[PDB]
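S.K.: I need the structure of the sequence given here:
(4 chains, ligands or ions: 2)
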Amino acid sequence: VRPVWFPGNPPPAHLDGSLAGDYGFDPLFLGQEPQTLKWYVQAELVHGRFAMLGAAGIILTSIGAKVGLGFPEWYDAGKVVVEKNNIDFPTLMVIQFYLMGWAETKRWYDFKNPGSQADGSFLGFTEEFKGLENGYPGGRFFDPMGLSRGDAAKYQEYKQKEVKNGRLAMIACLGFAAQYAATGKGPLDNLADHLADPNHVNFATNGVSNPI
Amino acid sequence: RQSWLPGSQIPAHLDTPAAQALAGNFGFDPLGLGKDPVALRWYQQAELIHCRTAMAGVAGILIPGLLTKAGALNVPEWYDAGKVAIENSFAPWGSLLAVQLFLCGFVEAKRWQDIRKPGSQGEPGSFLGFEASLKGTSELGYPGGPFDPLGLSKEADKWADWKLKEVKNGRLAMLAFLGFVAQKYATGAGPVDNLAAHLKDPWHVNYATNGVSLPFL
Amino acid sequence: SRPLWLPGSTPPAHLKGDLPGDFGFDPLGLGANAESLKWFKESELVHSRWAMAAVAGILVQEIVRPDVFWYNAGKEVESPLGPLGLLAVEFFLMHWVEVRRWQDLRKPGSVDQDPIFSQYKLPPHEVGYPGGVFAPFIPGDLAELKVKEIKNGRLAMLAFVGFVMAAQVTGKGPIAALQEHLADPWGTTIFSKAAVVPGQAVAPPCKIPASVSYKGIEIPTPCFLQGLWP
Amino acid sequence: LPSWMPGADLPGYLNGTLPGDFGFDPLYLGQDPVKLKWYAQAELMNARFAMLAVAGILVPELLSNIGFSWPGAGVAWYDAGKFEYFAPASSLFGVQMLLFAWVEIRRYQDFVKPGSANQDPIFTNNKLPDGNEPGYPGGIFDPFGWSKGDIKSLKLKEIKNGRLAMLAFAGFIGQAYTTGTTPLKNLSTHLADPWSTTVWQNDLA
Ligand code: CLA
Ligand SMILES: CC1=C[C@H](O)CC(C)(C)[C@H]1/C=C/C(C)=C/C=C/C(C)=C/C=C/C=C(C)/C=C/C=C(C)/C=C/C1=C(C)C[C@H](O)CC1(C)C
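M.R.: Numbers count the residues shown, from 1 in each chain, chains lettered A, B, ... in the order given. Ligands and ions are numbered 1, 2, ... in the order given. Okay, here it is:
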């Protein structure tokens, strides 16, 4: 048997175990249609990748912030980076939308037509924008070291590791958000605060978490 | 074939031997206007005329606009060229507009009757003798004879390339003129000065900063 | 199977024994693709050779001309040559050499001929080991000297990163650091300078300064990965 | 068999018939043979006007530093438009355009129909020989008895010197726009101190 998200319940019919991180977790049956499930697969992978990258950013910047280097904490870095160098806010946002819109649109229309961008329309590139699977766009640009086309079972292991770490990162970033909303301080500052007095500094003491 | 959006389903009316034989076909019809081949014919005529007059107008804006930053050709700004011209001129603007209405209506009537009937304007005795060379050249919108004096339209190997250059430069010209209008209402100076003020400080002077082009930020 | 690292273990299925100095060390599987493995082979060879030359440079530079801090040396040696001129000569010359070598990589057996003097032609080779005028003679045999060069290279690369951190913690050269460590082995190690406890964490102070004013326009000088030291 | 990148694949449409065929077209500008013909003729003409131009900028300045006394005493090459001639520049432009209209339209008439502009319209005995070669006229345009040798070598040489002169005149424009001085003075201050007079050095001001 597979390990299920809830030992004892059989897994739903549309979830089999061919995917990565497949634990049969779908109580609302949101992914019953195969196209909808395929789209949600891509959604989970993208959210996970941005979450991993973001939480790495938060943790590293906070490590640099507690030690006396002069880094701002993550709720202040936007203001001080825009303010301190010279940068006009809206032009930066607009260029963000330019580049992100270009690449993200390429991804969208590669989902609609699965092998369309490998035609040569972009400057000269062929078979380096052809996708490998759903949400795994491995070529020379996106898998430069070349891990996807060797050691297939070990590659399945890498898929499993990616999905697990991504989910952990997503709930980690949610942790950063709600944690800052509750305590109003930096995250690794909270880690050191809880690590100094574990029995008396936790969520059951802020007065905001449990209002009883 | 090229498409505007690689991977997008090209509509079936732009995928025919009749529609692929058109200059600058790139399968761009999100709002499905050209479902009627007659309507597509008429719209192609509209695109060609707009291309040609757009190129002429935008060239008239730019070339005096550029050369006035050099020494010669003291030309006023394009949004003030009329006033100064009419103060230079000899007649009031009403009579000039009337005369151009007449002299342009005659010609546009000609061209229109050639659109409704392809071999129309050449039939014996109609004009005083230019009926000889007022037929079409088998592709509507591209007449011959007294048009194309230099004979560039005779060789068959450069044909589609001359066409395609025309339509591409024309589309770019229409975009340019719409840009002239918007830059006039947005910043309040000549287009050459907008180019200079943007090259001088790119990361600070654009439409994210002019305070009108997007007011919500 | 000769020995292997962590002896008794099993090598990966893609490493067999064709290459010099392969011992089955790929837990990440970064050499599954042959087309990757050729590029990474060349990468290892080139990094090893640069590191060997640089480590010998640092040692001999300290030995012959002591009290010239190699980590500062750019702020030092400045000559009647301008630094801009030196940068130019380096740019053009090294650009030529690297482009030639890379052309040999991506298209094998093409750049073997001298362009100017059309008589001389480099003989056929195996990639990464050109030979010819690049090696006048072999003392010993080839297949052993390949192993020896890879071993001395990997050791040298580790030696250079050791030099960098050994400068960014102490602030002295390599041999001077060795003298300091032999002066008090129990008291001068990396474990004797810094530690992390769930209570508190302490790191060594950075000996190396901030932005360095070379010629007015200052060069910002950070230490590598400042915030994660012990 | 020479290349611009020894080992890299050359485009298929280049075959050495053109002078100086080194297989260089990373943008694929000459796929159609018609564009190849027009581009080849354009290259020849741009090359010849470049060579005459660079000669006309070197020789006056080279003979300026030696110190003769014709009134072209080294004024500039870009200050040739503020000098008293014996005619204002307007009539110069007029006569220039008339004569060059005659010559250039004649040359174009040779290019469109090769073998048709050979004979002198006025004195109808004088006629070019039948070695037409559109772009390489012959006859009195090769008056001193050359073209005896294997002319592919001389064509190759002409195109090489032409390309070098085109890059040279681009150099004159660039240098005179940036440093705003005369070019042999640029070579003078570069031979004064080669290590503190470079492009990277000057562009940091
Ligand atoms: C310049 C770096 C470099 C590169 C590119 C290689 C490349 C290679 N080595 Mg190699 N090696 C190196 C340095 C390097 N080596 C050093 C310094 C040592 C001594 C520790 C060794 C010891 C070693 C052994 C013992 C073996 C190899 C083998 C191999 C080959 C197959 C493994 C593979 O795919 O790795 C590809 C390598 C990379 C993709 C580089 C990864 C760089 C990562 C991403 C950076 C992160 C490193 C991290 C910061 C830790 C730093 C160390 C710290 C102490 C500073 C391959 C050609 C095996 C072999 O010969 O089989 C053919 C083998 O048996 N190497
Ligand atoms: C394609 C399509 C298809 C699908 O189906 C749908 C959709 C998408 C919707 C569509 C799109 C569309 C579009 C976009 C369009 C645009 C247009 C334009 C822009 C035009 C202009 C156009 C423009 C134009 C003509 C212009 C013209 C101009 C002119 C004359 C000018 C004149 C002038 C001059 C010279 C100068 C003087 O001093 C004054 C003036 C008087 C000012």
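S.K.: Excluding sequence neighbours, find me the nearest residue to residue D:200.
M.R.: residue C:84 (5.2 Å; Cβ to Cβ, 6 or more residues apart in numbering or on different chains). No exception for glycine: its C-beta is placed from N, CA and C like everyone else's.
S.K.: Verify the stated contact: the one you found with residue D:202.
M.R.: No: with contact defined as Cβ atoms under 8 Å, residue C:84 does not count as touching residue D:202 (10.0 Å).
S.K.: Quick test: name the residue nearest the centre of chain C.
M.R.: residue C:51 (2.6 Å; Cα atoms, centre = their mean).
S.K.: ok, that one - contacts?
M.R.: Contacts for residue C:51 were tallied using Cβ atoms under 8 Å, 6 or more residues apart in numbering or on different chains; they are C:153, C:156, C:157, C:159, C:160.
S.K.: quick one: the helices in the chain?
M.R.: You didn't pick a chain, so chain A it is. A:34-66, A:77-84, A:89-112, A:152-183, A:187-196 (DSSP state H).
S.K.: wrong one, I was asking about chain B
M.R.: B:17-20, B:37-67, B:81-88, B:93-116, B:159-186, B:191-200.
S.K.: So which of these is nearest ligand 1?
M.R.: Taking Cβ to the nearest ligand atom, helix B:191-200 is the member of these nearest to ligand 1, at 41.5 Å.
S.K.: The closest one and chain A, any residue contact?
M.R.: No: counting by Cβ under 8 Å from any Cβ of the partner chain, chain A is not contacted by helix B:191-200; separation bottoms out at 11.6 Å.
S.K.: what angle sits between that helix and helix B:37-67?
M.R.: With axes from the mean of the first three to the mean of the last three Cα atoms, to 10 degrees applied, the angle from helix B:191-200 to helix B:37-67 works out at 70 degrees.
S.K.: by how many degrees do helix B:191-200 and helix B:159-186 diverge?
M.R.: Orientation check (the same axes, to 10 degrees): helix B:191-200 against helix B:159-186 gives 80 degrees.
S.K.: Around residue 188, how many other residues sit close by?
M.R.: No chain was given, so I picked chain A. When neighbours are defined as other Cβ atoms under 10 Å in any protein chain shown, residue A:188 has 19 of them.
S.K.: Oops, wrong one, chain D.
M.R.: Neighbours around residue D:188, by other Cβ under 10 Å: 13.
S.K.: can you list contacts of the strand or helix carrying it?
M.R.: Using DSSP states H and E, residue D:188 falls within helix D:183-192. The contact list for helix D:183-192, computed with Cβ under 8 Å, 6+ apart, reads D:57, D:58, D:61, D:62, D:65, D:77, D:171, D:172, D:175, D:176, D:179, D:197.
S.K.: What is the three-state secondary structure of the residue nearest to the centre of chain C?
M.R.: Three-state assignment for residue C:51 (DSSP: H, G, I helix; E, B strand; the rest coil): helix.
S.K.: re earlier: can you tell me what sits against the host helix or strand of the residue nearest to residue D:200?
M.R.: Residue C:84 is located in helix C:83-106, with elements delineated by DSSP H and E. Helix C:83-106 is contacted by residues C:38-39, C:42, C:110-112, C:127, C:130, C:215, D:5-8, D:194-196, D:198, D:200-201 when judged by Cβ under 8 Å, 6+ apart.
S.K.: is it anywhere near ligand 1?
M.R.: No: shown here: helix C:83-106 not in contact with ligand 1 (Cβ under 6 Å from any ligand atom), separated by at least 13.7 Å.
S.K.: Tell me which residues of that helix come out buried.
M.R.: Within helix C:83-106, the residues scored as buried using 16 or more other Cβ atoms under 10 Å in any protein chain shown are C:84, C:85, C:88, C:103, C:104.
S.K.: any idea which of these is the one closest to residue C:222?
M.R.: Distance to residue C:222, by Cβ to Cβ, is smallest for residue C:84 among the buried residues of helix C:83-106, at 23.9 Å.
S.K.: what's the burial count for residue D:140?
M.R.: If you count neighbours by other Cβ under 10 Å, residue D:140 ends up with 10.
S.K.: just checking, it is part of a strand?
M.R.: No: using three-state DSSP, the secondary structure at residue D:140 is helix, not a strand.
S.K.: surely it meets residue D:120?
M.R.: No: assessed by Cβ under 8 Å, residue D:140 is found out of contact with residue D:120, at 9.7 Å.
S.K.: Can you pull the residues of chain D lying near chain A?
M.R.: Contact residues (Cβ under 8 Å from any Cβ) of chain D with chain A: there are none.
S.K.: Show the residue spans covered by the helices in chain D.
M.R.: Using DSSP H, the helices assigned to chain D run over residues D:33-62, D:89-112, D:151-178, D:183-192, D:199-202.
S.K.: how close does the residue in chain C that chain B sits nearest to sit to chain D?
M.R.: Nearest residue of chain C to chain B (Cβ to the nearest Cβ) works out as residue C:217 at 21.5 Å. As judged by Cβ to the nearest Cβ, to the nearest Å, residue C:217 and chain D stand 9 Å apart.
S.K.: That residue: neighbour count?
M.R.: When neighbours are counted by other Cβ under 10 Å, residue C:217 comes out with 8.
S.K.: likewise residue D:20?
M.R.: 17.
S.K.: Next, the contact list for it, please.
M.R.: Taking Cβ under 8 Å, 6+ apart as the test, what residue D:20 contacts is D:155, D:156, D:159, D:160, D:163.
S.K.: from the middle of its chain, how far away would the helix holding residue C:84 be?
M.R.: Here the centre of helix C:83-106 is set off from its chain's centre by 18 Å, with Cα atoms, centre = their mean, to the nearest Å.
S.K.: Pull out the buried positions in the next helix or strand after that helix.
M.R.: Following helix C:83-106 in sequence order, the next helix or strand is helix C:142-169 (DSSP H and E). Using 16+ other Cβ under 10 Å as the test for burial, helix C:142-169 gives C:146, C:149-150, C:152-153, C:156-157, C:159-160, C:163, C:166-169.
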